[PDB]
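J.: Quick one, final_19.pdb (PDB, C-alpha atoms (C1' of nucleotides)):
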ATOM      1  CA  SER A1193      -5.116  24.479  -6.013  1.00  0.00           C
ATOM      2  CA  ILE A1194      -5.157  23.619  -2.302  1.00  0.00           C
ATOM      3  CA  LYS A1195      -7.649  26.408  -1.605  1.00  0.00           C
ATOM      4  CA  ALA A1196      -9.843  25.290  -4.513  1.00  0.00           C
ATOM      5  CA  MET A1197      -9.767  21.737  -3.149  1.00  0.00           C
ATOM      6  CA  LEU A1198     -10.755  23.040   0.290  1.00  0.00           C
ATOM      7  CA  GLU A1199     -13.625  25.012  -1.241  1.00  0.00           C
ATOM      8  CA  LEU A1200     -14.863  21.922  -3.101  1.00  0.00           C
ATOM      9  CA  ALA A1201     -15.021  19.954   0.171  1.00  0.00           C
ATOM     10  CA  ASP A1202     -16.858  22.793   1.991  1.00  0.00           C
ATOM     11  CA  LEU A1203     -13.938  23.607   4.295  1.00  0.00           C
ATOM     12  CA  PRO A1204     -12.304  26.926   5.216  1.00  0.00           C
ATOM     13  CA  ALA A1205      -9.835  28.241   2.662  1.00  0.00           C
ATOM     14  CA  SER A1206      -7.346  29.047   5.438  1.00  0.00           C
ATOM     15  CA  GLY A1207      -7.244  25.464   6.704  1.00  0.00           C
ATOM     16  CA  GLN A1208      -7.971  26.672  10.244  1.00  0.00           C
ATOM     17  CA  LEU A1209     -11.000  25.561  12.259  1.00  0.00           C
ATOM     18  CA  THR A1210     -12.493  26.606  15.580  1.00  0.00           C
ATOM     19  CA  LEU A1211     -11.522  24.084  18.253  1.00  0.00           C
ATOM     20  CA  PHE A1212     -12.976  23.678  21.736  1.00  0.00           C
ATOM     21  CA  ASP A1213     -11.245  22.509  24.903  1.00  0.00           C
ATOM     22  CA  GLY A1214     -12.630  19.091  25.769  1.00  0.00           C
ATOM     23  CA  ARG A1215     -11.821  19.629  29.438  1.00  0.00           C
ATOM     24  CA  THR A1216     -13.874  22.837  29.705  1.00  0.00           C
ATOM     25  CA  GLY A1217     -15.870  23.166  26.482  1.00  0.00           C
ATOM     26  CA  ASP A1218     -14.444  26.643  25.912  1.00  0.00           C
ATOM     27  CA  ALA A1219     -13.398  27.743  22.448  1.00  0.00           C
ATOM     28  CA  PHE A1220      -9.723  28.443  21.923  1.00  0.00           C
ATOM     29  CA  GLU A1221      -9.175  32.127  21.268  1.00  0.00           C
ATOM     30  CA  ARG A1222      -7.745  31.607  17.762  1.00  0.00           C
ATOM     31  CA  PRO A1223      -8.430  29.291  14.817  1.00  0.00           C
ATOM     32  CA  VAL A1224      -6.214  26.209  14.779  1.00  0.00           C
ATOM     33  CA  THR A1225      -4.640  24.549  11.746  1.00  0.00           C
ATOM     34  CA  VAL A1226      -6.379  21.161  11.651  1.00  0.00           C
ATOM     35  CA  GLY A1227      -5.730  18.638   8.916  1.00  0.00           C
ATOM     36  CA  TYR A1228      -4.304  15.235   8.111  1.00  0.00           C
ATOM     37  CA  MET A1229      -0.641  14.246   8.255  1.00  0.00           C
ATOM     38  CA  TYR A1230       1.048  11.013   7.221  1.00  0.00           C
ATOM     39  CA  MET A1231       2.842   9.863  10.369  1.00  0.00           C
ATOM     40  CA  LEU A1232       5.249   6.970  10.817  1.00  0.00           C
ATOM     41  CA  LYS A1233       6.201   4.694  13.710  1.00  0.00           C
ATOM     42  CA  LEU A1234       9.986   4.515  13.713  1.00  0.00           C
ATOM     43  CA  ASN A1235      11.906   1.467  14.906  1.00  0.00           C
ATOM     44  CA  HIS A1236      13.032   3.243  18.092  1.00  0.00           C
ATOM     45  CA  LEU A1237      10.709   1.741  20.685  1.00  0.00           C
ATOM     46  CA  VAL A1238      10.974   2.284  24.430  1.00  0.00           C
ATOM     47  CA  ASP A1239      10.391  -1.449  24.918  1.00  0.00           C
ATOM     48  CA  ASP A1240      13.798  -2.180  23.376  1.00  0.00           C
ATOM     49  CA  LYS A1241      15.515   0.744  25.121  1.00  0.00           C
ATOM     50  CA  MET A1242      14.480   0.557  28.791  1.00  0.00           C
TER      51      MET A1242
ATOM     52  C1'  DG B   1      79.434  24.732  15.397  1.00  0.00           C
ATOM     53  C1'  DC B   2      75.356  26.992  14.856  1.00  0.00           C
ATOM     54  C1'  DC B   3      70.666  27.720  11.446  1.00  0.00           C
ATOM     55  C1'  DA B   4      67.838  25.238   8.721  1.00  0.00           C
ATOM     56  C1'  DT B   5      65.505  21.175   6.820  1.00  0.00           C
ATOM     57  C1'  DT B   6      64.018  16.486   6.946  1.00  0.00           C
ATOM     58  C1'  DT B   7      62.358  12.624   9.707  1.00  0.00           C
ATOM     59  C1'  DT B   8      59.850  10.202  13.245  1.00  0.00           C
ATOM     60  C1'  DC B   9      56.214  10.263  17.074  1.00  0.00           C
ATOM     61  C1'  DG B  10      51.910  10.850  18.937  1.00  0.00           C
ATOM     62  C1'  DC B  11      47.138  12.697  18.590  1.00  0.00           C
ATOM     63  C1'  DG B  12      42.434  13.262  16.556  1.00  0.00           C
ATOM     64  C1'  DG B  13      34.109  13.663  21.524  1.00  0.00           C
ATOM     65  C1'  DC B  14      30.645  10.810  24.734  1.00  0.00           C
ATOM     66  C1'  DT B  15      26.827   7.478  25.697  1.00  0.00           C
ATOM     67  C1'  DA B  16      23.583   3.596  23.556  1.00  0.00           C
ATOM     68  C1'  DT B  17      21.812  -0.687  20.131  1.00  0.00           C
ATOM     69  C1'  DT B  18      22.150  -4.336  15.967  1.00  0.00           C
ATOM     70  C1'  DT B  19      26.370  -9.216  15.396  1.00  0.00           C
ATOM     71  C1'  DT B  20      31.652 -15.348  15.704  1.00  0.00           C
ATOM     72  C1'  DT B  21      35.249 -17.083  10.995  1.00  0.00           C
ATOM     73  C1'  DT B  22      37.210 -19.071   6.281  1.00  0.00           C
ATOM     74  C1'  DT B  23      44.927 -21.069   2.138  1.00  0.00           C
ATOM     75  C1'  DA B  24      49.141 -23.716   3.157  1.00  0.00           C
ATOM     76  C1'  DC B  25      49.209 -30.533   5.663  1.00  0.00           C
ATOM     77  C1'  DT B  26      54.785 -37.518   4.875  1.00  0.00           C
ATOM     78  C1'  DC B  27      55.221 -41.821   7.188  1.00  0.00           C
ATOM     79  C1'  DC B  28      56.938 -45.743  10.168  1.00  0.00           C
ATOM     80  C1'  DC B  29      58.847 -47.880  14.153  1.00  0.00           C
ATOM     81  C1'  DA B  30      60.525 -48.992  18.563  1.00  0.00           C
ATOM     82  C1'  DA B  31      60.448 -47.515  23.289  1.00  0.00           C
ATOM     83  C1'  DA B  32      58.116 -45.299  27.203  1.00  0.00           C
ATOM     84  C1'  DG B  33      54.624 -43.491  30.155  1.00  0.00           C
ATOM     85  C1'  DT B  34      49.696 -43.313  31.066  1.00  0.00           C
ATOM     86  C1'  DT B  35      44.868 -44.889  31.328  1.00  0.00           C
ATOM     87  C1'  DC B  36      40.694 -47.944  31.899  1.00  0.00           C
ATOM     88  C1'  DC B  37      38.538 -51.966  33.238  1.00  0.00           C
ATOM     89  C1'  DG B  38      38.309 -55.491  36.650  1.00  0.00           C
ATOM     90  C1'  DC B  39      39.239 -57.491  41.189  1.00  0.00           C
ATOM     91  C1'  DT B  40      40.556 -57.292  46.176  1.00  0.00           C
ATOM     92  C1'  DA B  41      40.078 -55.822  50.839  1.00  0.00           C
ATOM     93  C1'  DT B  42      39.141 -52.639  54.589  1.00  0.00           C
ATOM     94  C1'  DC B  43      36.466 -49.312  56.992  1.00  0.00           C
ATOM     95  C1'  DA B  44      32.610 -46.808  57.982  1.00  0.00           C
ATOM     96  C1'  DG B  45      27.912 -46.089  57.667  1.00  0.00           C
ATOM     97  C1'  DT B  46      23.351 -47.907  57.625  1.00  0.00           C
ATOM     98  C1'  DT B  47      19.792 -51.109  58.877  1.00  0.00           C
ATOM     99  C1'  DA B  48      17.491 -55.102  60.927  1.00  0.00           C
ATOM    100  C1'  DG B  49      16.942 -57.733  64.868  1.00  0.00           C
ATOM    101  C1'  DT B  50      16.661 -58.692  69.831  1.00  0.00           C
ATOM    102  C1'  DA B  51      17.069 -58.021  74.630  1.00  0.00           C
ATOM    103  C1'  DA B  52      16.667 -54.374  78.371  1.00  0.00           C
ATOM    104  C1'  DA B  53      13.915 -51.252  80.487  1.00  0.00           C
ATOM    105  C1'  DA B  54       9.888 -48.788  81.504  1.00  0.00           C
ATOM    106  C1'  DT B  55       5.111 -48.016  81.633  1.00  0.00           C
TER     107       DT B  55
END
As structure tokens, how would this structure be written, given the file I've shared?
T.:
Amino acid sequence: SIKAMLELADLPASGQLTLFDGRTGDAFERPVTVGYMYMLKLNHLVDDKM
DNA sequence: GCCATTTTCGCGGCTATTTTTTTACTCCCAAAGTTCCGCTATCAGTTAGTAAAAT
């Protein structure tokens, strides 16, 4: 189902794209797993801990 | 009087960061020591005035 969803959106079925180094413009030698993750900001902030 | 069994005694990791708790209830009086306001009186400091000196 995930691969079918990727194919519908015109994206690689492996979920890996070709990325380039922004510092040099050179392509990384291998495809990189790029996607979207739900990330959280936990209540452990360096402001309250320093 | 030694061999085993029951009874105490003391122990169980280190750094951080958030936050109080809460039942239970005699009264009166006389005698004594202490405090709080007001006044006095003295001393020391401050300030105003005037003469002494210097420009």
J.: Write out as a list in words the residues lying within 12 Å of residue 1236 of chain A, counting all atoms listed in the file and excluding same-chain residues fewer than 4 positions away.
T.: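 Everything that qualifies: residues 1232, 1240, 1241 and 1242 of chain A; 16 and 17 of chain B.
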J.: Decode the PyMOL selection byres ((chain A and resi 1194) around 12) for the given file into explicit residues and return them as a ChimeraX atom specification.
T.: /A:1193,1195-1201,1203-1207
J.: Convert the output of the PyMOL selection byres ((chain A and resi 1221) around 10) on the shown file into explicit residues, formatted as a ChimeraX atom specification.
T.: /A:1210-1212,1218-1220,1222-1224
J.: Identify which of the residues B:18, B:45, B:37, B:11 lies closest to chain A, counting only C-alpha atoms (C1' of nucleotides) when measuring atom-to-atom distances.
T.: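 Ranked by minimum distance to chain A, first place goes to B:18.
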J.: Give me the result of the PyMOL selection byres ((chain A and resi 1227) around 10) on this file, residue by residue, as a list in words.
T.: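 Taken on the displayed file, the PyMOL selection byres ((chain A and resi 1227) around 10) yields the residues residues 1207, 1208, 1209, 1224, 1225, 1226, 1228 and 1229 of chain A.
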J.: Rounded to one decimal in Å, what is the spacing between atom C1' of residue 15 of chain B and atom CA of residue 1234 of chain A?
T.: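 If I compute the distance from atom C1' of residue 15 of chain B to atom CA of residue 1234 of chain A, I get 20.9 Å.
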J.: Using the file's own x, y and z axes, so that the box edges lie along x, y and z, what centre and edge lengths in Å (one decimal) does a box around every listed atom of segment 1207-1214 of chain A get when 4 Å is added on each side? Give it as JSON.
T.:
{"center_x": -10.1, "center_y": 22.9, "center_z": 16.2, "size_x": 13.7, "size_y": 15.6, "size_z": 27.1}
J.: As an exercise, work out the distance from atom CA of residue 1215 of chain A to atom CA of residue 1233 of chain A in Å and give it to one decimal place.
T.: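 According to the coordinates, atom CA of residue 1215 of chain A and atom CA of residue 1233 of chain A are separated by 28.2 Å.
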